[PDB]
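Chemist: What follows is model04.cif; its format and atoms are mmCIF, N, CA and C atoms and all ligand atoms.
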```
data_start
loop_
_atom_site.label_atom_id
_atom_site.label_comp_id
_atom_site.auth_asym_id
_atom_site.auth_seq_id
_atom_site.Cartn_x
_atom_site.Cartn_y
_atom_site.Cartn_z
N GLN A 1 93.46 69.27 -42.86
CA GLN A 1 92.59 70.10 -43.68
C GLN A 1 92.13 71.32 -42.89
N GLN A 2 91.79 72.37 -43.62
CA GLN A 2 91.18 73.55 -43.02
C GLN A 2 89.82 73.86 -43.61
N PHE A 3 89.70 73.86 -44.94
CA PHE A 3 88.47 74.17 -45.64
C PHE A 3 88.65 73.75 -47.09
N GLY A 4 87.60 73.18 -47.67
CA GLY A 4 87.65 72.67 -49.02
C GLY A 4 86.90 73.53 -50.02
N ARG A 5 87.16 73.25 -51.29
CA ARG A 5 86.52 73.95 -52.39
C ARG A 5 85.91 72.94 -53.34
N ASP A 6 85.00 73.44 -54.17
CA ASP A 6 84.31 72.63 -55.15
C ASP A 6 85.14 72.51 -56.42
N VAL A 7 84.49 72.06 -57.50
CA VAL A 7 85.08 72.11 -58.84
C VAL A 7 85.44 73.54 -59.22
N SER A 8 84.62 74.49 -58.79
CA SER A 8 84.88 75.91 -58.95
C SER A 8 85.87 76.42 -57.91
N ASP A 9 85.95 77.73 -57.75
CA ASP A 9 86.85 78.33 -56.77
C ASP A 9 86.05 78.98 -55.65
N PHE A 10 85.07 78.25 -55.14
CA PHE A 10 84.26 78.68 -54.01
C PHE A 10 84.42 77.67 -52.88
N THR A 11 84.38 78.16 -51.65
CA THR A 11 84.70 77.33 -50.49
C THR A 11 83.59 76.33 -50.23
N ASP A 12 83.87 75.06 -50.49
CA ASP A 12 82.87 74.02 -50.29
C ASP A 12 82.67 73.72 -48.81
N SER A 13 83.72 73.25 -48.15
CA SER A 13 83.65 72.85 -46.75
C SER A 13 84.37 73.86 -45.88
N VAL A 14 84.17 73.72 -44.57
CA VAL A 14 84.91 74.48 -43.58
C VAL A 14 84.95 73.65 -42.31
N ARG A 15 86.01 73.84 -41.53
CA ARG A 15 86.28 73.07 -40.33
C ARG A 15 86.33 74.04 -39.16
N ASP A 16 85.68 73.68 -38.06
CA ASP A 16 85.50 74.60 -36.95
C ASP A 16 86.83 74.86 -36.25
N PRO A 17 87.29 76.11 -36.16
CA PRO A 17 88.54 76.38 -35.43
C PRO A 17 88.46 76.11 -33.94
N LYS A 18 87.27 75.96 -33.38
CA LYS A 18 87.13 75.60 -31.98
C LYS A 18 86.83 74.12 -31.78
N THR A 19 85.83 73.58 -32.48
CA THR A 19 85.35 72.23 -32.19
C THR A 19 85.67 71.21 -33.26
N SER A 20 86.30 71.63 -34.37
CA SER A 20 86.71 70.77 -35.49
C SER A 20 85.53 69.97 -36.06
N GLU A 21 84.56 70.71 -36.59
CA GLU A 21 83.34 70.11 -37.11
C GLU A 21 83.37 70.08 -38.63
N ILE A 22 82.92 68.97 -39.19
CA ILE A 22 82.74 68.86 -40.63
C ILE A 22 81.54 69.71 -41.02
N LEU A 23 81.81 70.87 -41.60
CA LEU A 23 80.77 71.76 -42.08
C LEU A 23 80.94 71.95 -43.58
N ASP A 24 79.85 72.33 -44.24
CA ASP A 24 79.91 72.69 -45.65
C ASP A 24 78.97 73.85 -45.92
N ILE A 25 79.29 74.63 -46.95
CA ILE A 25 78.67 75.92 -47.19
C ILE A 25 77.77 75.80 -48.41
N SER A 26 76.55 76.31 -48.29
CA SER A 26 75.60 76.40 -49.38
C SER A 26 75.26 77.86 -49.64
N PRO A 27 74.93 78.24 -50.87
CA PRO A 27 74.52 79.62 -51.13
C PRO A 27 73.16 79.88 -50.54
N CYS A 28 72.92 81.15 -50.22
CA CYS A 28 71.76 81.54 -49.43
C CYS A 28 70.44 81.29 -50.14
N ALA A 29 70.13 82.11 -51.13
CA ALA A 29 68.91 82.02 -51.93
C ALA A 29 68.97 83.03 -53.05
N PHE A 30 68.50 82.63 -54.22
CA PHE A 30 68.38 83.47 -55.40
C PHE A 30 67.52 82.72 -56.40
N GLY A 31 67.33 83.31 -57.56
CA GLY A 31 66.59 82.68 -58.62
C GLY A 31 65.76 83.71 -59.35
N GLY A 32 64.93 83.23 -60.26
CA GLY A 32 64.09 84.10 -61.06
C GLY A 32 62.68 84.23 -60.51
N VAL A 33 62.06 85.36 -60.84
CA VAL A 33 60.69 85.64 -60.46
C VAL A 33 59.85 85.61 -61.72
N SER A 34 58.87 84.72 -61.76
CA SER A 34 58.07 84.49 -62.95
C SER A 34 56.61 84.80 -62.67
N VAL A 35 56.02 85.64 -63.51
CA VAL A 35 54.67 86.15 -63.31
C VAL A 35 53.74 85.48 -64.32
N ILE A 36 52.64 84.92 -63.84
CA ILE A 36 51.62 84.32 -64.68
C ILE A 36 50.39 85.20 -64.63
N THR A 37 49.91 85.63 -65.79
CA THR A 37 48.70 86.42 -65.84
C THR A 37 47.69 85.78 -66.77
N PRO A 38 46.40 86.00 -66.51
CA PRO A 38 45.39 85.64 -67.51
C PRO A 38 45.09 86.81 -68.44
N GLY A 39 45.96 87.81 -68.45
CA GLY A 39 45.75 88.96 -69.30
C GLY A 39 44.99 90.06 -68.59
N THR A 40 45.37 91.32 -68.85
CA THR A 40 44.79 92.45 -68.14
C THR A 40 43.34 92.68 -68.50
N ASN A 41 42.97 92.42 -69.75
CA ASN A 41 41.59 92.62 -70.16
C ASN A 41 40.67 91.59 -69.53
N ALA A 42 41.12 90.34 -69.44
CA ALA A 42 40.28 89.29 -68.88
C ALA A 42 40.15 89.45 -67.37
N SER A 43 41.26 89.35 -66.65
CA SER A 43 41.25 89.50 -65.21
C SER A 43 42.33 90.47 -64.76
N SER A 44 42.54 90.56 -63.45
CA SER A 44 43.60 91.43 -62.96
C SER A 44 44.33 90.82 -61.77
N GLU A 45 44.28 89.50 -61.61
CA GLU A 45 44.87 88.84 -60.46
C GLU A 45 45.96 87.89 -60.94
N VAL A 46 47.12 87.97 -60.30
CA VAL A 46 48.32 87.32 -60.81
C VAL A 46 48.71 86.16 -59.92
N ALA A 47 49.75 85.43 -60.32
CA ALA A 47 50.31 84.35 -59.53
C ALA A 47 51.79 84.25 -59.88
N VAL A 48 52.60 83.88 -58.89
CA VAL A 48 54.03 83.92 -59.08
C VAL A 48 54.60 82.51 -59.02
N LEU A 49 55.77 82.36 -59.65
CA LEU A 49 56.57 81.16 -59.57
C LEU A 49 58.00 81.56 -59.28
N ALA B 1 78.37 71.56 -72.10
CA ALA B 1 79.11 71.41 -70.85
C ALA B 1 80.48 72.04 -70.95
N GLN B 2 81.14 71.90 -72.11
CA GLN B 2 82.45 72.50 -72.30
C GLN B 2 82.35 74.02 -72.34
N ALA B 3 81.22 74.54 -72.83
CA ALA B 3 80.99 75.97 -72.76
C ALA B 3 80.81 76.43 -71.33
N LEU B 4 80.05 75.68 -70.54
CA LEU B 4 79.80 76.09 -69.16
C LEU B 4 81.03 75.89 -68.30
N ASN B 5 81.84 74.88 -68.62
CA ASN B 5 83.14 74.75 -67.97
C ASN B 5 84.01 75.95 -68.26
N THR B 6 83.95 76.45 -69.50
CA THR B 6 84.73 77.61 -69.88
C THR B 6 84.23 78.85 -69.16
N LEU B 7 82.92 78.93 -68.92
CA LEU B 7 82.35 80.08 -68.23
C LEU B 7 82.80 80.13 -66.78
N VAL B 8 82.93 78.97 -66.14
CA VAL B 8 83.42 78.91 -64.77
C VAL B 8 84.86 79.38 -64.70
N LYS B 9 85.66 78.99 -65.69
CA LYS B 9 87.07 79.36 -65.75
C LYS B 9 87.27 80.87 -65.94
N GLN B 10 86.25 81.57 -66.43
CA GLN B 10 86.35 83.01 -66.59
C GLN B 10 86.45 83.73 -65.26
N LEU B 11 85.81 83.20 -64.21
CA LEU B 11 85.89 83.83 -62.90
C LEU B 11 87.29 83.74 -62.32
N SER B 12 87.94 82.59 -62.49
CA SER B 12 89.32 82.46 -62.06
C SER B 12 90.26 83.29 -62.92
N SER B 13 89.90 83.50 -64.18
CA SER B 13 90.71 84.32 -65.07
C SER B 13 90.53 85.78 -64.67
N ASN B 14 91.46 86.29 -63.88
CA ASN B 14 91.41 87.68 -63.48
C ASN B 14 91.73 88.56 -64.67
N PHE B 15 90.95 89.63 -64.83
CA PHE B 15 91.01 90.48 -66.01
C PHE B 15 91.69 91.81 -65.75
N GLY B 16 91.34 92.47 -64.65
CA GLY B 16 91.95 93.74 -64.28
C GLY B 16 93.40 93.63 -63.84
N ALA B 17 93.89 92.41 -63.63
CA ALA B 17 95.30 92.03 -63.56
C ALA B 17 96.00 92.47 -62.28
N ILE B 18 95.35 93.28 -61.45
CA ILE B 18 95.76 93.32 -60.05
C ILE B 18 94.51 93.21 -59.18
N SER B 19 94.10 91.96 -58.95
CA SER B 19 93.24 91.43 -57.90
C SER B 19 93.11 89.94 -58.17
N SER B 20 92.59 89.22 -57.18
CA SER B 20 92.10 87.87 -57.39
C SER B 20 90.65 87.72 -56.96
N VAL B 21 90.32 88.21 -55.78
CA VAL B 21 88.98 88.15 -55.21
C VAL B 21 88.56 89.58 -54.93
N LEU B 22 87.26 89.86 -55.10
CA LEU B 22 86.72 91.17 -54.75
C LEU B 22 86.89 91.50 -53.27
N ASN B 23 86.87 90.48 -52.41
CA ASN B 23 87.15 90.70 -50.99
C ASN B 23 88.58 91.18 -50.79
N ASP B 24 89.51 90.69 -51.60
CA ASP B 24 90.91 91.05 -51.43
C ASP B 24 91.15 92.50 -51.83
N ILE B 25 90.59 92.92 -52.97
CA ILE B 25 90.82 94.27 -53.45
C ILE B 25 90.10 95.29 -52.59
N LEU B 26 89.06 94.88 -51.86
CA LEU B 26 88.51 95.74 -50.82
C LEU B 26 89.50 95.90 -49.68
N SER B 27 90.16 94.82 -49.29
CA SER B 27 91.04 94.86 -48.13
C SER B 27 92.41 95.40 -48.49
N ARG B 28 93.05 94.81 -49.50
CA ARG B 28 94.42 95.16 -49.84
C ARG B 28 94.52 96.59 -50.37
N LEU B 29 93.57 96.99 -51.19
CA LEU B 29 93.58 98.33 -51.75
C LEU B 29 92.52 99.18 -51.08
N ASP B 30 92.70 100.48 -51.20
CA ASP B 30 91.85 101.44 -50.52
C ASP B 30 90.46 101.51 -51.16
N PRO B 31 89.44 101.84 -50.39
CA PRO B 31 88.10 102.06 -50.97
C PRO B 31 88.04 103.18 -52.01
N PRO B 32 88.41 104.44 -51.71
CA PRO B 32 87.76 105.55 -52.42
C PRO B 32 88.20 105.75 -53.87
N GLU B 33 89.32 105.16 -54.31
CA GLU B 33 89.60 105.24 -55.74
C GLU B 33 90.06 103.94 -56.39
N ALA B 34 90.34 102.88 -55.63
CA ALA B 34 90.68 101.62 -56.28
C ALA B 34 89.46 100.87 -56.80
N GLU B 35 88.25 101.42 -56.62
CA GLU B 35 87.06 100.89 -57.26
C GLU B 35 87.07 101.08 -58.77
N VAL B 36 87.98 101.90 -59.30
CA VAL B 36 88.22 101.94 -60.73
C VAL B 36 88.68 100.58 -61.24
N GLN B 37 89.45 99.86 -60.42
CA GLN B 37 90.06 98.61 -60.86
C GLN B 37 89.02 97.51 -61.05
N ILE B 38 87.99 97.47 -60.22
CA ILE B 38 87.00 96.41 -60.35
C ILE B 38 86.07 96.65 -61.53
N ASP B 39 85.90 97.91 -61.93
CA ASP B 39 85.14 98.20 -63.14
C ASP B 39 85.84 97.64 -64.36
N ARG B 40 87.16 97.76 -64.39
CA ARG B 40 87.98 97.03 -65.35
C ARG B 40 87.78 95.53 -65.21
N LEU B 41 87.63 95.04 -63.97
CA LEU B 41 87.45 93.61 -63.77
C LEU B 41 86.07 93.16 -64.21
N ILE B 42 85.04 93.95 -63.91
CA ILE B 42 83.68 93.47 -64.17
C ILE B 42 83.36 93.54 -65.66
N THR B 43 83.99 94.45 -66.40
CA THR B 43 83.58 94.65 -67.78
C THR B 43 84.11 93.55 -68.69
N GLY B 44 85.25 92.95 -68.35
CA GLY B 44 85.68 91.78 -69.09
C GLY B 44 84.81 90.59 -68.76
N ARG B 45 84.44 90.46 -67.48
CA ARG B 45 83.50 89.43 -67.07
C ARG B 45 82.13 89.67 -67.69
N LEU B 46 81.79 90.93 -67.93
CA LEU B 46 80.58 91.25 -68.66
C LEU B 46 80.64 90.73 -70.09
N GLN B 47 81.73 91.03 -70.79
CA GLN B 47 81.88 90.56 -72.16
C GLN B 47 82.07 89.06 -72.23
N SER B 48 82.67 88.48 -71.18
CA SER B 48 82.82 87.03 -71.13
C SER B 48 81.47 86.35 -71.08
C1 LIG C 1 88.96 74.36 -27.65
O1 LIG C 1 88.36 74.64 -26.42
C2 LIG C 1 87.03 74.10 -26.30
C3 LIG C 1 86.53 74.54 -24.94
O2 LIG C 1 86.40 75.95 -24.86
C4 LIG C 1 87.03 72.58 -26.48
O3 LIG C 1 85.68 72.19 -26.71
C5 LIG C 1 85.35 71.17 -25.75
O4 LIG C 1 85.59 69.89 -26.28
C6 LIG C 1 85.42 68.86 -25.29
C7 LIG C 1 85.76 67.55 -25.96
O5 LIG C 1 85.76 67.68 -27.38
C8 LIG C 1 84.00 68.87 -24.70
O6 LIG C 1 84.12 68.17 -23.47
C9 LIG C 1 83.07 67.24 -23.22
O7 LIG C 1 82.04 67.84 -22.47
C10 LIG C 1 81.02 66.95 -21.98
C11 LIG C 1 79.97 67.79 -21.30
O8 LIG C 1 80.53 69.08 -21.06
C12 LIG C 1 81.69 65.93 -21.03
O9 LIG C 1 80.71 65.03 -20.54
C13 LIG C 1 82.78 65.17 -21.80
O10 LIG C 1 83.46 64.28 -20.92
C14 LIG C 1 83.85 63.09 -21.64
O11 LIG C 1 85.17 63.19 -22.12
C15 LIG C 1 86.17 63.52 -21.12
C16 LIG C 1 87.49 63.65 -21.83
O12 LIG C 1 87.85 62.36 -22.30
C17 LIG C 1 86.19 62.44 -20.04
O13 LIG C 1 87.01 62.87 -18.97
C18 LIG C 1 84.76 62.17 -19.52
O14 LIG C 1 84.78 61.08 -18.60
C19 LIG C 1 83.76 61.93 -20.66
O15 LIG C 1 84.19 60.71 -21.27
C20 LIG C 1 83.77 66.12 -22.47
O16 LIG C 1 84.56 66.66 -21.43
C21 LIG C 1 83.47 70.27 -24.37
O17 LIG C 1 82.05 70.24 -24.27
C22 LIG C 1 83.87 71.31 -25.42
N1 LIG C 1 83.57 72.65 -24.94
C23 LIG C 1 83.11 73.63 -25.73
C24 LIG C 1 82.84 74.94 -25.07
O18 LIG C 1 82.92 73.45 -26.93
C25 LIG C 1 87.84 72.14 -27.69
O19 LIG C 1 88.09 70.74 -27.61
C26 LIG C 1 89.18 72.87 -27.78
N2 LIG C 1 89.87 72.54 -29.02
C27 LIG C 1 91.20 72.48 -29.12
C28 LIG C 1 91.74 72.13 -30.47
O20 LIG C 1 91.93 72.70 -28.16
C1 LIG C 2 38.61 93.08 -73.98
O1 LIG C 2 37.73 91.98 -73.68
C2 LIG C 2 36.38 92.14 -74.14
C3 LIG C 2 35.61 90.94 -73.65
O2 LIG C 2 34.28 91.29 -73.31
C4 LIG C 2 36.38 92.28 -75.66
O3 LIG C 2 35.05 92.49 -76.10
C5 LIG C 2 37.27 93.44 -76.07
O4 LIG C 2 37.36 93.50 -77.49
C6 LIG C 2 38.68 93.29 -75.49
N1 LIG C 2 39.49 94.45 -75.81
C7 LIG C 2 40.31 94.50 -76.86
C8 LIG C 2 41.07 95.77 -77.05
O5 LIG C 2 40.43 93.55 -77.63
#
```
Before we go any further, please render this structure as structure tokens.

Modeler:
Amino acid sequence: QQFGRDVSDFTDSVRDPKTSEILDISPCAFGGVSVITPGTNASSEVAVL
Amino acid sequence: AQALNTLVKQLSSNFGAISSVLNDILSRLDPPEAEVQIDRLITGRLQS
């Protein structure tokens, strides 16, 4: 083996060309930014999710 | 699930018909005008 893939066509695993290590790849970070407000008239301080 | 399986298959379905991976078309083809080809690629993926 050299490197594996998932159900999709993205590289799941990888093997070290120097030390032959079982490695696997995860995506870095992403997602949505969600803003919670109590309304501008009531207050003006927000919170995120 | 069958819809989302179909959505995954859209990425493998190359649309602009000369590339497979965006990394490849950066390497195999030149920067300054082969970027026309990925716009063809992204817009089918957009409609998909
Ligand atoms: C590619 O080259 C790298 C080196 O640049 C090489 O990685 C080396 O792998 C070996 C074994 O996998 C490691 O060696 C061990 O090192 C520790 C501490 O340094 C020693 O104590 C170990 O000794 C044990 O094993 C020896 C061999 O059987 C015995 O003689 C001894 O008595 C002990 O039982 C062992 O030597 C080394 O740390 C790495 N080095 C690096 C920099 O990673 C790799 O194996 C090479 N790969 C290929 C495919 O050629
Ligand atoms: C804003 O909040 C106050 C609460 O004291 C309320 O009286 C006022 O009607 C609100 N503004 C609007 C446009 O509804």

Chemist: Using all atoms listed in the file and a cut-off of 8 Å, which residues of chain B sit close to chain A? Please list them as a count of residues only.

Modeler: 4

Chemist: Can I get the residues close to ligand LIG 2 (chain C) as a list in words, where close means within 8 Å and we count only N, CA and C atoms and all ligand atoms?

Modeler: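 So, counting only N, CA and C atoms and all ligand atoms, the residues near ligand LIG 2 (chain C) are residues 40, 41 and 42 of chain A.
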
Chemist: Report the distance between CA of residue 30 (chain B) and CA of residue 48 (chain B) in Å, rounded to one decimal place.

Modeler: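 Between CA of residue 30 (chain B) and CA of residue 48 (chain B) the gap works out to 26.7 Å.
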
Chemist: Compute the set of protein, DNA and RNA residues whose minimum atom distance to ligand LIG 1 (chain C) is at most 12 Å, using only C-alpha atoms and all ligand atoms, and state it as an MDAnalysis selection string.

Modeler: chainID A and resid 15:21

Chemist: Using Å and a single decimal, report how far atom N of residue 27 (chain A) sits from CA of residue 14 (chain A).

Modeler: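 Taking CA of residue 14 (chain A) and atom N of residue 27 (chain A), their separation equals 12.9 Å.
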
Chemist: Would you compute the distance between atom C of residue 34 (chain A) and atom C of residue 48 (chain A)? Give it in Å to one decimal.

Modeler: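 Value for the atom C of residue 34 (chain A)-atom C of residue 48 (chain A) distance: 4.8 Å.
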
Chemist: Tell me which of A:44, A:11, A:37, A:1 sits closest to residue 25 (chain A), counting only C-alpha atoms.

Modeler: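 Closest residue, counting only C-alpha atoms: A:11.
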
Chemist: Once 6 Å is added on each side, what centre and edge lengths in Å to one decimal does the axis-aligned box around all listed atoms of region 33-40 of chain B have, as JSON?

Modeler:
```
{"center_x": 87.9, "center_y": 100.4, "center_z": -59.8, "size_x": 17.5, "size_y": 21.7, "size_z": 23.0}
```

Chemist: Quick one: DSSP strand (DSSP E or B) residues in chain A, as number ranges by chain?

Modeler: A: 5, 11, 13-15, 22-24, 35-36, 47-48

Chemist: Residues within 8 Å of region 16-27 of chain B, please, as a PyMOL selection string. Count all atoms listed in the file; anything in the same chain fewer than 3 positions from it doesn't count.

Modeler: chain B and resi 11-13+30-31+34-35+37-45

Chemist: Please tell me which residues are no farther than 6 Å from (80.4, 72.9, -41.9) in the file, counting only C-alpha atoms, and write them as a PDB file with N, CA and C atoms, in the frame of the given file.

Modeler:
```pdb
ATOM      1  N   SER A  13      83.720  73.250 -48.150  1.00  0.00           N
ATOM      2  CA  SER A  13      83.650  72.850 -46.750  1.00  0.00           C
ATOM      3  C   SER A  13      84.370  73.860 -45.880  1.00  0.00           C
ATOM      4  N   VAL A  14      84.170  73.720 -44.570  1.00  0.00           N
ATOM      5  CA  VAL A  14      84.910  74.480 -43.580  1.00  0.00           C
ATOM      6  C   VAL A  14      84.950  73.650 -42.310  1.00  0.00           C
ATOM      7  N   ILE A  22      82.920  68.970 -39.190  1.00  0.00           N
ATOM      8  CA  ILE A  22      82.740  68.860 -40.630  1.00  0.00           C
ATOM      9  C   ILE A  22      81.540  69.710 -41.020  1.00  0.00           C
ATOM     10  N   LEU A  23      81.810  70.870 -41.600  1.00  0.00           N
ATOM     11  CA  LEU A  23      80.770  71.760 -42.080  1.00  0.00           C
ATOM     12  C   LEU A  23      80.940  71.950 -43.580  1.00  0.00           C
ATOM     13  N   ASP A  24      79.850  72.330 -44.240  1.00  0.00           N
ATOM     14  CA  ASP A  24      79.910  72.690 -45.650  1.00  0.00           C
ATOM     15  C   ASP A  24      78.970  73.850 -45.920  1.00  0.00           C
TER      16      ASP A  24
END
```
